[PDB]
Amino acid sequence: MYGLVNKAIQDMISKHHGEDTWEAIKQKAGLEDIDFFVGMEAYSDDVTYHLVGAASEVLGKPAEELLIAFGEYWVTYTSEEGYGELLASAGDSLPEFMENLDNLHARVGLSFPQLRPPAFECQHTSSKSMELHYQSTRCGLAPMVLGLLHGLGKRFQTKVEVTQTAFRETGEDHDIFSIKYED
């Protein structure tokens, strides 16, 4: 994934647990050979998977719980590290935001030529609910989508309730989430 993602992980861990913990996790992840992540440079997806697993071991939290926290953090992080206007342009409510997500990644994709973004599709079931279809080239990030939806929730001052109804992990085609929302 692009370094921006790994910088964000480093930043979340450092701010919440301190630099000493961040150095232990980096060492454990097998990355001592990397002084710093380059935001606009492509890295092997392995770098990120090794960091999550090393953080899970060192911090004693399941990888899935860290991915939910990272998903909320990403909403705030991008807005403060050069992408606030891009975010604002994708809208001012949770559902309109999700409709634009493919289009937001296409814009991100101008500047990150080698991006493999997720694909998201909405089916609106009412003015207060939707089904969200998530398809990805990667495994295991559905829990990250749960935290991102909560970050967008805090962003738009909107109560959100998210329940996953289908799992790529239990053989289903792709992950589907059921979302209820409300001002």
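We number the residues from 1 along the sequence you see.
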Completion exercise
Taking the deposited Cα B-factors and averaging over 116 to 124 and over 26 to 34, the higher mean is found in 26 to 34
Practice task
Decide which of the stretches 160 to 168 and 15 to 23 has the higher mean C-alpha B-factor, going by the entry.
Solution key: 15 to 23
Practice task
Go through 102, 85, 92, 81 one by one and give the residue whose Cα B-factor in the PDB entry is largest.
Solution key: 92
Problem - Out of 67, 148, 59, 40, residue topping the C-alpha B-factor column of the entry - result: 59
